Amino acid sequence: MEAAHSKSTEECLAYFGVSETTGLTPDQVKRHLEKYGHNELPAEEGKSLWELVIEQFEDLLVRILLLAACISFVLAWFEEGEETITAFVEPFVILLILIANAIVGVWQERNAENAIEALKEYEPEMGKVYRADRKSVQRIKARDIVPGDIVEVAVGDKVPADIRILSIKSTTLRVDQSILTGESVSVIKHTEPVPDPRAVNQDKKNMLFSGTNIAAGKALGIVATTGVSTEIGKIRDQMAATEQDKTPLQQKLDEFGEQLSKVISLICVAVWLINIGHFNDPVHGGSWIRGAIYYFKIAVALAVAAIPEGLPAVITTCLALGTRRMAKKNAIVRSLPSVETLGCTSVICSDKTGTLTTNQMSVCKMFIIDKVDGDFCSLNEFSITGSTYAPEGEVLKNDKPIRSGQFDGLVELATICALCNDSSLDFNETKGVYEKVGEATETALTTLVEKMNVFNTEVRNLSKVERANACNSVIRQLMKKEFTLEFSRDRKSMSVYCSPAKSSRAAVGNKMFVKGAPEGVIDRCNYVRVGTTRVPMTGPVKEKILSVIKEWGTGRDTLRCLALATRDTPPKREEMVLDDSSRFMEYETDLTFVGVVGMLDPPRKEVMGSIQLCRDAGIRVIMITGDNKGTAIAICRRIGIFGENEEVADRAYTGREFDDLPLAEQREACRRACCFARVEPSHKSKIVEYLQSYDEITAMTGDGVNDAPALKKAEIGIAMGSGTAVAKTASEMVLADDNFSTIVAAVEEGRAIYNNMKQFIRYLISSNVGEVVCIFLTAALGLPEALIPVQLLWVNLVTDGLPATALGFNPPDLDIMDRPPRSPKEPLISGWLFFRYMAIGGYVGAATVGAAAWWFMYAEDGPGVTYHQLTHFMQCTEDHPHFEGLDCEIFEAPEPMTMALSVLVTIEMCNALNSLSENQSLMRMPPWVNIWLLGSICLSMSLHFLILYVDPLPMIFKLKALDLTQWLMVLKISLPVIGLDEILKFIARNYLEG
Ligand SMILES: CCCCCCCC/C=C/CCCCCCCC(=O)OC[C@H](COP(=O)(O)OCC[N+](C)(C)C)OC(=O)CCCCCCC/C=C/CCCCCCCC
Ligand SMILES: Nc1ncnc2c1ncn2[C@@H]1O[C@H](COP(=O)(O)OP(=O)(O)CP(=O)(O)O)[C@@H](O)[C@H]1O
Ligand SMILES: [Ca+2]
Ligand SMILES: [Ca+2]
Ligand SMILES: [Ca+2]
Ligand SMILES: [K+]
């Protein structure tokens, strides 16, 4: 730790005893680690307080049933008719279903956090440091950075520790400090000191804070402090504003829940109210209060039964299960709604380089000018072997190896690639491979300079660590880089102003070396470098240079091309304004053309398969890239966006082609064009913004700082694991696997969660309709009471409980990836689905009342027939039908209540077997597609047998169901509910026309 930030650049270097160009010694590092510890912060928390997650009794529908358990517990405190054994089990049956789902919800949610944290250890963050054991920059694990290290950071990098800025290698350094200071805009830094030791972090405009991201520039610095002493570590476990929000679907269901709970409120009043004439009946002594209290209980028992109380627990389960499946697909879910929103996605925007391609850059062809005579232009065209960043290859002309030093044009070409370059090359001794340090478009050029070896440098006795930057360092010693005109993306160019090293070994004057996209650079070239001389640019030579780039980009290799050029007469150093990012283009004029490199970039093997599945699922894919239009369309054909010989005139625009269009035509272009090339960061955002104007659900995919604005505005933003930290900050989901096909399975998971809620609702609603049809149909037809406060509570537990919750684990419906995407405008329940809710609930409520009735009439077992009976309650109360045979107290017998309740339980277990799909019959999706449903079904059925055959229980409930002909009648009544919905699924299966 250096206690202050206010020290000069010399003092910070002297406080630790370190060299600005060497870095810490391996001895200083070993001795700082055991003194200052690693660069770590403890895992913030596990988020499972063992208490905070259990307390999910917070939704309305759960704390309603908590109310019912209180009043049924107080009504147990008043004892009537020895109901104590039955009154005190009333609140426990209510609480048991609430506990049954709370166990599942807390399980799947902790089980999902176990997978997210386990995916943080996947790819450990690393930094860029200078240390004495190596001569060039080195990749080390970020936790190993100690104070005193010399750390280098550039665009996209996340700052690994608090750093005092020693030197800024760009014209301006701009940092994103939104996470720490709240400054929602990039801010400028500098190296001049600030004196106040207490000046707040906004005033410390000379340092870089851990956790913050570098927006623009490239700077060198020294690590002030690491670990929990970091300015962000002081706020890890202390200050924060934790962001939690309900998803668009989770909020839609809270609306559906509250409006439904008030409808049941009217029902349970309409049930209490219709039985006003039964308050004085002699079942409870005729007392008005001792009769009204009883029917107040059945309204409570009807409410908790009708209320779908597993809803807030099954939503948490499906979301936690979806996050846990994407974490198993190596996909970090940074925002919870991202899995469900990506399901109804209709348009996928996608970056080209790195995103759709492997970003395994390697130069394979290059060319320089051979002859210029009138209209004739001749090219010295070379081929380069080697497909990795290893400096192991040969340069070939006419299919035989040549020495790059022969051709003077190749010397200047290697000199441009080596100098105009902010990326180096580091050897990983563990992996044994050379890794890119910096942007891959530049490391590709770094490897080319080593393969060329244009000065014939003794590289044979160099170690595999020293060999990486061998031939580059030779060129970096010939001319000194005075300042860099960094990469802008307005002009699509990078430039450097260099001077000869000794001013005596070379007095050739100053030079600027510029590389950038060919179309912009060649327009700014008035000259052509032929050998060691210079000729004026002409029409013929220009078209020849352009026609080769057009062939290399549209050929079978779809090559990425850069242009290399030197300015021979640069402005004097004092003459240049290093402030305006707009004027840098002017400085890059009157250039002399050197050559063009053709780089190789293989598309990811998963891409072509992943687009096939998007078009079948009705999801349109658009390539968005800054790269050449010729290369962009060619890559689209290779990956499958376009046909091998499809015409593409109307569906591919450049950046300027797009902006020449009026606004109305720009939007129409976004709705037909699948390829946008030569775009800028603003173009990427406006394309997504136009797609959202058509109420599309747009998803952006990108990895570099290039397309961070497009990732934010898009409904869902997916970043690559290899990408910059700037993009990962702006993404709601990260693919640590770089596996593009994970996006498709996420769309499947996003569709499956919705299709599994549509069945959780179809089950409980249609099942609980019959539970309300039952209650009204008996009181309306004059039939006696067929259920009991504790009987509704039992049907609630074994039918609205785990069998309902286990519907969340339903597999994806068959044609879920063959139907077009869901519009977020669609209603939760359609006009047709509300019909099937009633057609089932009707037969559920009619089959349960006809079960107790059948026992009265056709039983001819135990009690006998009552073939056409008005069933007046009084008949046994007092003979009033003038019957010679009155059948005293045959009403209210225990067998019909048991008879009706078994149907009402079995018919809903049968109904759950239809809740596997929305329209697919059991012929195509059998009941064993969800094992955990069949487990919960046996759970309800057997646990229902205990309250009928272990002897002390059928007195708390009412008595046994008989042996053979009673369960056969319950079963033969219930099973037709499957055939009913089976027909209803067949009707809609072939009646979608309209
Ligand atoms: C003899 C005649 C038949 C008798 C039948 C009796 C049934 C007895 C056994 C039942 C076991 C079935 C329980 C099913 C639970 C329903 C919810 C559910 O489907 O869950 C399933 C998850 C699965 O795990 P996964 O998603 O990670 O696998 C993913 C693997 N892939 C991806 C391939 C799917 O498992 C989880 O959620 C976590 C598991 C925790 C279990 C919670 C449920 C237990 C509840 C206990 C309280 C009830 C009190 C009882 C009252 C009586 C007085 C004592
Ligand atoms: N470090 C760099 N230095 C100089 N020129 C670069 C460069 N990186 C890219 N270029 C060229 O300038 C142009 C503008 O850069 P750009 O924004 O287009 O990145 P890009 O589109 O090539 C990566 P992506 O396809 O992921 O968007 C590119 O076409 C490229 O040929
Ligand atoms: Ca219920
Ligand atoms: Ca990219
Ligand atoms: Ca039920
Ligand atoms: K957003």
# chains A, B, ... in the order shown; residues from 1 in each chain; ligands from 1

call {"tool": "residues_near_ligand", "arguments": {"ligand": "ligand 3", "cutoff": "9 Å", "atoms": "only C-alpha atoms and all ligand atoms", "output": "VMD selection string"}}
result
chain A and resid 97 302 to 310 764 768 793 795 to 797 799 to 801

call {"tool": "residues_near_ligand", "arguments": {"ligand": "ligand 6", "cutoff": "10 Å", "atoms": "only C-alpha atoms and all ligand atoms", "output": "ChimeraX atom specification"}}
result
/A:338,699,710-717,730-732

call {"tool": "residues_near_ligand", "arguments": {"ligand": "ligand 1", "cutoff": "9 Å", "atoms": "only C-alpha atoms and all ligand atoms", "output": "JSON, numbers by chain"}}
result
{"A": [93, 96, 97, 99, 100, 101, 102, 103, 104, 105, 106, 107, 108, 111, 112, 317, 321, 324, 325, 801, 802, 803, 804, 805, 806, 807, 808, 809, 810, 811, 930, 931, 932, 933, 934, 935, 936, 937, 938, 939, 940, 941, 942, 943]}

call {"tool": "write_last_selection", "arguments": {"atoms": "C-alpha atoms", "output": "PDB file, in the first residue's frame"}}
result
ATOM      1  CA  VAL A  93     -53.271 -28.787   6.544  1.00  0.00           C
ATOM      2  CA  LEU A  96     -48.363 -27.991   5.202  1.00  0.00           C
ATOM      3  CA  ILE A  97     -48.843 -27.069   1.539  1.00  0.00           C
ATOM      4  CA  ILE A  99     -44.151 -25.596   3.638  1.00  0.00           C
ATOM      5  CA  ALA A 100     -44.185 -28.220   0.873  1.00  0.00           C
ATOM      6  CA  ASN A 101     -43.595 -25.578  -1.804  1.00  0.00           C
ATOM      7  CA  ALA A 102     -41.244 -23.439   0.296  1.00  0.00           C
ATOM      8  CA  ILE A 103     -38.935 -26.457   0.529  1.00  0.00           C
ATOM      9  CA  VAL A 104     -38.919 -26.755  -3.267  1.00  0.00           C
ATOM     10  CA  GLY A 105     -38.488 -23.048  -3.992  1.00  0.00           C
ATOM     11  CA  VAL A 106     -35.610 -22.548  -1.565  1.00  0.00           C
ATOM     12  CA  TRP A 107     -34.034 -25.753  -2.886  1.00  0.00           C
ATOM     13  CA  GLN A 108     -33.990 -24.838  -6.579  1.00  0.00           C
ATOM     14  CA  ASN A 111     -29.205 -25.000  -6.173  1.00  0.00           C
ATOM     15  CA  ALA A 112     -29.122 -22.346  -8.918  1.00  0.00           C
ATOM     16  CA  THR A 317     -38.711 -22.629  -9.404  1.00  0.00           C
ATOM     17  CA  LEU A 321     -34.331 -23.983 -12.959  1.00  0.00           C
ATOM     18  CA  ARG A 324     -29.394 -23.438 -13.462  1.00  0.00           C
ATOM     19  CA  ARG A 325     -29.647 -24.959 -16.954  1.00  0.00           C
ATOM     20  CA  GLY A 801     -49.893 -28.985  -3.981  1.00  0.00           C
ATOM     21  CA  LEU A 802     -46.903 -30.934  -5.241  1.00  0.00           C
ATOM     22  CA  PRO A 803     -48.703 -32.378  -8.316  1.00  0.00           C
ATOM     23  CA  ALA A 804     -49.382 -28.779  -9.349  1.00  0.00           C
ATOM     24  CA  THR A 805     -45.856 -27.636  -8.472  1.00  0.00           C
ATOM     25  CA  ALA A 806     -44.324 -30.589 -10.348  1.00  0.00           C
ATOM     26  CA  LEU A 807     -45.795 -29.190 -13.585  1.00  0.00           C
ATOM     27  CA  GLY A 808     -42.871 -26.755 -13.718  1.00  0.00           C
ATOM     28  CA  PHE A 809     -40.568 -29.669 -14.582  1.00  0.00           C
ATOM     29  CA  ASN A 810     -42.537 -30.512 -17.725  1.00  0.00           C
ATOM     30  CA  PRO A 811     -40.276 -31.081 -20.754  1.00  0.00           C
ATOM     31  CA  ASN A 930     -42.529 -35.876 -16.358  1.00  0.00           C
ATOM     32  CA  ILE A 931     -41.473 -38.440 -13.766  1.00  0.00           C
ATOM     33  CA  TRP A 932     -41.784 -35.926 -10.922  1.00  0.00           C
ATOM     34  CA  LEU A 933     -45.464 -35.420 -11.757  1.00  0.00           C
ATOM     35  CA  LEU A 934     -46.198 -39.149 -11.526  1.00  0.00           C
ATOM     36  CA  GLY A 935     -44.291 -39.159  -8.245  1.00  0.00           C
ATOM     37  CA  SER A 936     -46.449 -36.387  -6.812  1.00  0.00           C
ATOM     38  CA  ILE A 937     -49.555 -38.157  -8.145  1.00  0.00           C
ATOM     39  CA  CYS A 938     -48.726 -41.326  -6.224  1.00  0.00           C
ATOM     40  CA  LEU A 939     -47.944 -39.054  -3.268  1.00  0.00           C
ATOM     41  CA  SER A 940     -51.447 -37.595  -3.278  1.00  0.00           C
ATOM     42  CA  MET A 941     -53.185 -40.918  -3.935  1.00  0.00           C
ATOM     43  CA  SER A 942     -51.405 -42.982  -1.274  1.00  0.00           C
ATOM     44  CA  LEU A 943     -51.398 -40.242   1.367  1.00  0.00           C
TER      45      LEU A 943
END

call {"tool": "residues_near_ligand", "arguments": {"ligand": "ligand 4", "cutoff": "8 Å", "atoms": "only C-alpha atoms and all ligand atoms", "output": "JSON list (two decimals) with N, CA, C and O atoms, in the first residue's frame"}}
result
[["chain", "number", "residue", "atom", "x", "y", "z"],
["A", 351, "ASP", "N", -22.80, -9.30, -34.02],
["A", 351, "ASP", "CA", -21.50, -8.82, -34.46],
["A", 351, "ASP", "C", -20.88, -9.85, -35.40],
["A", 351, "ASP", "O", -21.19, -11.04, -35.33],
["A", 352, "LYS", "N", -19.99, -9.39, -36.28],
["A", 352, "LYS", "CA", -19.24, -10.31, -37.15],
["A", 352, "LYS", "C", -17.97, -10.83, -36.50],
["A", 352, "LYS", "O", -17.83, -12.03, -36.28],
["A", 353, "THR", "N", -17.03, -9.93, -36.21],
["A", 353, "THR", "CA", -15.69, -10.34, -35.82],
["A", 353, "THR", "C", -15.68, -10.73, -34.35],
["A", 353, "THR", "O", -16.13, -9.96, -33.49],
["A", 354, "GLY", "N", -15.14, -11.91, -34.07],
["A", 354, "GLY", "CA", -15.09, -12.40, -32.71],
["A", 354, "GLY", "C", -16.38, -13.07, -32.29],
["A", 354, "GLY", "O", -16.37, -14.14, -31.69],
["A", 355, "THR", "N", -17.51, -12.43, -32.60],
["A", 355, "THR", "CA", -18.81, -12.98, -32.25],
["A", 355, "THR", "C", -19.15, -14.17, -33.14],
["A", 355, "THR", "O", -19.24, -15.30, -32.65],
["A", 625, "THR", "N", -21.65, -5.33, -38.71],
["A", 625, "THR", "CA", -20.20, -5.28, -38.66],
["A", 625, "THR", "C", -19.72, -3.97, -39.26],
["A", 625, "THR", "O", -20.41, -3.34, -40.07],
["A", 702, "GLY", "N", -22.51, -9.18, -29.05],
["A", 702, "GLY", "CA", -21.25, -8.54, -29.35],
["A", 702, "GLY", "C", -20.28, -8.73, -28.20],
["A", 702, "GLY", "O", -20.68, -9.03, -27.07],
["A", 703, "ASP", "N", -19.00, -8.54, -28.50],
["A", 703, "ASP", "CA", -17.96, -8.77, -27.51],
["A", 703, "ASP", "C", -17.06, -7.56, -27.29],
["A", 703, "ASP", "O", -16.63, -7.32, -26.15],
["A", 704, "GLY", "N", -16.75, -6.81, -28.33],
["A", 704, "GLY", "CA", -15.85, -5.69, -28.20],
["A", 704, "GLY", "C", -16.57, -4.41, -27.82],
["A", 704, "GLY", "O", -17.79, -4.31, -27.90],
["A", 705, "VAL", "N", -15.77, -3.42, -27.41],
["A", 705, "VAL", "CA", -16.25, -2.07, -27.10],
["A", 705, "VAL", "C", -17.01, -1.49, -28.29],
["A", 705, "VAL", "O", -17.80, -0.55, -28.13],
["A", 706, "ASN", "N", -16.77, -2.04, -29.48],
["A", 706, "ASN", "CA", -17.45, -1.62, -30.70],
["A", 706, "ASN", "C", -18.95, -1.44, -30.50],
["A", 706, "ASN", "O", -19.51, -0.39, -30.80],
["A", 707, "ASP", "N", -19.60, -2.47, -29.97],
["A", 707, "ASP", "CA", -21.06, -2.49, -29.95],
["A", 707, "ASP", "C", -21.61, -2.59, -28.54],
["A", 707, "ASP", "O", -22.48, -3.43, -28.25],
["A", 723, "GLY", "N", -14.70, -11.54, -24.94],
["A", 723, "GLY", "CA", -14.84, -10.14, -25.27],
["A", 723, "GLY", "C", -14.34, -9.21, -24.18],
["A", 723, "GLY", "O", -13.88, -9.61, -23.12]]

call {"tool": "atom_distance", "arguments": {"atom1": "CA of residue 2 in chain A", "atom2": "CA of residue 140 in chain A"}}
result
21.8 Å

call {"tool": "residues_around", "arguments": {"residues": "residue 246 in chain A", "least_positions_apart": "2", "cutoff": "12 Å", "atoms": "only C-alpha atoms", "output": "list in words"}}
result
residues 59, 243, 244, 248, 249, 250, 251, 252, 253, 254, 255, 312, 315, 316, 319, 335, 336, 337, 338 and 340 of chain A

call {"tool": "write_last_selection", "arguments": {"atoms": "N, CA, C and O atoms", "output": "PDB file, in the first residue's frame"}}
result
ATOM      1  N   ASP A  59     -45.516 -13.267  -1.084  1.00  0.00           N
ATOM      2  CA  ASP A  59     -46.542 -13.011  -2.082  1.00  0.00           C
ATOM      3  C   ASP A  59     -47.918 -12.934  -1.424  1.00  0.00           C
ATOM      4  O   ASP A  59     -48.149 -13.474  -0.338  1.00  0.00           O
ATOM      5  N   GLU A 243     -30.029  -4.230  -6.697  1.00  0.00           N
ATOM      6  CA  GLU A 243     -31.083  -4.137  -7.698  1.00  0.00           C
ATOM      7  C   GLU A 243     -31.825  -5.466  -7.781  1.00  0.00           C
ATOM      8  O   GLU A 243     -31.236  -6.490  -8.146  1.00  0.00           O
ATOM      9  N   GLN A 244     -33.112  -5.451  -7.440  1.00  0.00           N
ATOM     10  CA  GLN A 244     -33.976  -6.606  -7.633  1.00  0.00           C
ATOM     11  C   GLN A 244     -35.293  -6.125  -8.225  1.00  0.00           C
ATOM     12  O   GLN A 244     -35.831  -5.097  -7.806  1.00  0.00           O
ATOM     13  N   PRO A 248     -40.945  -9.280 -16.608  1.00  0.00           N
ATOM     14  CA  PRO A 248     -42.195  -8.958 -17.322  1.00  0.00           C
ATOM     15  C   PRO A 248     -43.259 -10.036 -17.219  1.00  0.00           C
ATOM     16  O   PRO A 248     -44.453  -9.712 -17.226  1.00  0.00           O
ATOM     17  N   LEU A 249     -42.871 -11.310 -17.128  1.00  0.00           N
ATOM     18  CA  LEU A 249     -43.862 -12.363 -16.926  1.00  0.00           C
ATOM     19  C   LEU A 249     -44.257 -12.486 -15.459  1.00  0.00           C
ATOM     20  O   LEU A 249     -45.429 -12.723 -15.148  1.00  0.00           O
ATOM     21  N   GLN A 250     -43.294 -12.327 -14.547  1.00  0.00           N
ATOM     22  CA  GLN A 250     -43.605 -12.427 -13.124  1.00  0.00           C
ATOM     23  C   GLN A 250     -44.530 -11.302 -12.677  1.00  0.00           C
ATOM     24  O   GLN A 250     -45.342 -11.495 -11.765  1.00  0.00           O
ATOM     25  N   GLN A 251     -44.428 -10.131 -13.308  1.00  0.00           N
ATOM     26  CA  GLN A 251     -45.338  -9.035 -13.003  1.00  0.00           C
ATOM     27  C   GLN A 251     -46.698  -9.229 -13.663  1.00  0.00           C
ATOM     28  O   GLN A 251     -47.720  -8.824 -13.098  1.00  0.00           O
ATOM     29  N   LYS A 252     -46.728  -9.845 -14.846  1.00  0.00           N
ATOM     30  CA  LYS A 252     -47.999 -10.170 -15.483  1.00  0.00           C
ATOM     31  C   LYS A 252     -48.812 -11.141 -14.638  1.00  0.00           C
ATOM     32  O   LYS A 252     -50.045 -11.053 -14.602  1.00  0.00           O
ATOM     33  N   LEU A 253     -48.143 -12.066 -13.949  1.00  0.00           N
ATOM     34  CA  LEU A 253     -48.846 -13.054 -13.141  1.00  0.00           C
ATOM     35  C   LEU A 253     -49.273 -12.494 -11.790  1.00  0.00           C
ATOM     36  O   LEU A 253     -50.237 -12.991 -11.198  1.00  0.00           O
ATOM     37  N   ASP A 254     -48.577 -11.473 -11.284  1.00  0.00           N
ATOM     38  CA  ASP A 254     -49.051 -10.805 -10.077  1.00  0.00           C
ATOM     39  C   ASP A 254     -50.337 -10.035 -10.349  1.00  0.00           C
ATOM     40  O   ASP A 254     -51.214  -9.953  -9.480  1.00  0.00           O
ATOM     41  N   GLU A 255     -50.465  -9.462 -11.548  1.00  0.00           N
ATOM     42  CA  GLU A 255     -51.735  -8.868 -11.953  1.00  0.00           C
ATOM     43  C   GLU A 255     -52.816  -9.932 -12.059  1.00  0.00           C
ATOM     44  O   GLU A 255     -53.940  -9.751 -11.574  1.00  0.00           O
ATOM     45  N   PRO A 312     -46.580 -18.397  -6.671  1.00  0.00           N
ATOM     46  CA  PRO A 312     -45.310 -17.688  -6.452  1.00  0.00           C
ATOM     47  C   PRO A 312     -44.139 -18.615  -6.185  1.00  0.00           C
ATOM     48  O   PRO A 312     -42.988 -18.171  -6.283  1.00  0.00           O
ATOM     49  N   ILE A 315     -43.152 -20.148  -9.953  1.00  0.00           N
ATOM     50  CA  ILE A 315     -42.463 -19.158 -10.777  1.00  0.00           C
ATOM     51  C   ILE A 315     -40.998 -19.068 -10.374  1.00  0.00           C
ATOM     52  O   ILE A 315     -40.099 -19.076 -11.221  1.00  0.00           O
ATOM     53  N   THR A 316     -40.739 -18.971  -9.068  1.00  0.00           N
ATOM     54  CA  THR A 316     -39.365 -18.966  -8.583  1.00  0.00           C
ATOM     55  C   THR A 316     -38.634 -20.238  -8.992  1.00  0.00           C
ATOM     56  O   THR A 316     -37.434 -20.199  -9.290  1.00  0.00           O
ATOM     57  N   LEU A 319     -37.806 -20.126 -12.931  1.00  0.00           N
ATOM     58  CA  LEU A 319     -36.724 -19.182 -13.196  1.00  0.00           C
ATOM     59  C   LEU A 319     -35.397 -19.691 -12.648  1.00  0.00           C
ATOM     60  O   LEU A 319     -34.364 -19.593 -13.323  1.00  0.00           O
ATOM     61  N   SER A 335     -28.794 -10.981 -15.450  1.00  0.00           N
ATOM     62  CA  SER A 335     -30.082 -10.406 -15.088  1.00  0.00           C
ATOM     63  C   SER A 335     -31.138 -11.495 -15.169  1.00  0.00           C
ATOM     64  O   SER A 335     -31.208 -12.219 -16.166  1.00  0.00           O
ATOM     65  N   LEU A 336     -31.955 -11.603 -14.124  1.00  0.00           N
ATOM     66  CA  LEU A 336     -32.919 -12.699 -14.045  1.00  0.00           C
ATOM     67  C   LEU A 336     -33.937 -12.717 -15.185  1.00  0.00           C
ATOM     68  O   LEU A 336     -34.223 -13.816 -15.693  1.00  0.00           O
ATOM     69  N   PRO A 337     -34.514 -11.592 -15.631  1.00  0.00           N
ATOM     70  CA  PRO A 337     -35.498 -11.657 -16.727  1.00  0.00           C
ATOM     71  C   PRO A 337     -34.916 -12.035 -18.082  1.00  0.00           C
ATOM     72  O   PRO A 337     -35.686 -12.194 -19.037  1.00  0.00           O
ATOM     73  N   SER A 338     -33.595 -12.177 -18.207  1.00  0.00           N
ATOM     74  CA  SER A 338     -33.000 -12.387 -19.524  1.00  0.00           C
ATOM     75  C   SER A 338     -33.399 -13.728 -20.125  1.00  0.00           C
ATOM     76  O   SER A 338     -33.506 -13.847 -21.350  1.00  0.00           O
ATOM     77  N   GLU A 340     -36.297 -15.358 -19.799  1.00  0.00           N
ATOM     78  CA  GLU A 340     -37.672 -15.398 -20.293  1.00  0.00           C
ATOM     79  C   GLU A 340     -37.877 -14.450 -21.470  1.00  0.00           C
ATOM     80  O   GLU A 340     -38.688 -14.741 -22.357  1.00  0.00           O
TER      81      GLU A 340
END

call {"tool": "residues_near_ligand", "arguments": {"ligand": "ligand 2", "cutoff": "7 Å", "atoms": "only C-alpha atoms and all ligand atoms", "output": "PyMOL selection string"}}
result
chain A and resi 351-355+421+439+441-442+487+489+492-494+515-517+561-562+625-628+678-680+704+706

call {"tool": "closest_residue", "arguments": {"among": "A:377, A:328, A:444, A:301", "to": "ligand 5", "atoms": "only C-alpha atoms and all ligand atoms"}}
result
A:301

call {"tool": "closest_atom_pairs", "arguments": {"of": "range 776-800 of chain A", "to": "range 955-977 of chain A", "cutoff": "10 Å", "atoms": "only C-alpha atoms", "output": "JSON lines"}}
result
{"residue": "A:788", "atom": "CA", "partner": "A:957", "partner_atom": "CA", "distance": 9.0}
{"residue": "A:790", "atom": "CA", "partner": "A:957", "partner_atom": "CA", "distance": 7.7}
{"residue": "A:791", "atom": "CA", "partner": "A:957", "partner_atom": "CA", "distance": 7.4}
{"residue": "A:794", "atom": "CA", "partner": "A:957", "partner_atom": "CA", "distance": 9.4}

call {"tool": "select_by_dssp", "arguments": {"residues": "range 387-517 of chain A", "states": "strand (DSSP E)", "output": "ChimeraX atom specification"}}
result
/A:395-397,400-401,424-428,433-437,479-485,493-500,511-516

call {"tool": "atom_distance", "arguments": {"atom1": "CA of residue 854 in chain A", "atom2": "CA of residue 915 in chain A"}}
result
28.6 Å

call {"tool": "select_by_dssp", "arguments": {"residues": "range 165-385 of chain A", "states": "helix (DSSP H, G or I)", "output": "VMD selection string"}}
result
chain A and resid 178 to 181 227 to 229 233 to 235 248 to 274 282 to 284 288 to 306 311 to 328 338 to 341 352 to 356

call {"tool": "atom_distance", "arguments": {"atom1": "CA of residue 510 in chain A", "atom2": "CA of residue 419 in chain A"}}
result
13.6 Å

call {"tool": "closest_residue", "arguments": {"among": "A:296, A:584, A:694, A:763", "to": "ligand 5", "atoms": "only C-alpha atoms and all ligand atoms"}}
result
A:763

call {"tool": "residues_around", "arguments": {"residues": "residue 632 in chain A", "least_positions_apart": "5", "cutoff": "12 Å", "atoms": "only C-alpha atoms", "output": "JSON, numbers by chain"}}
result
{"A": [351, 352, 353, 356, 357, 550, 553, 554, 555, 558, 559, 560, 561, 601, 603, 622, 623, 624, 625, 626, 627, 637, 638, 639, 641, 642, 648, 652, 653, 654, 674, 675, 676, 677, 678, 679]}

call {"tool": "residues_around", "arguments": {"residues": "range 175-186 of chain A", "least_positions_apart": "3", "cutoff": "8 Å", "atoms": "only C-alpha atoms", "output": "list in words"}}
result
residues 189, 201, 202, 208, 211, 212, 213, 214, 215, 216 and 232 of chain A

call {"tool": "closest_residue", "arguments": {"among": "A:348, A:137, A:4, A:207", "to": "residue 619 in chain A", "atoms": "only C-alpha atoms"}}
result
A:348
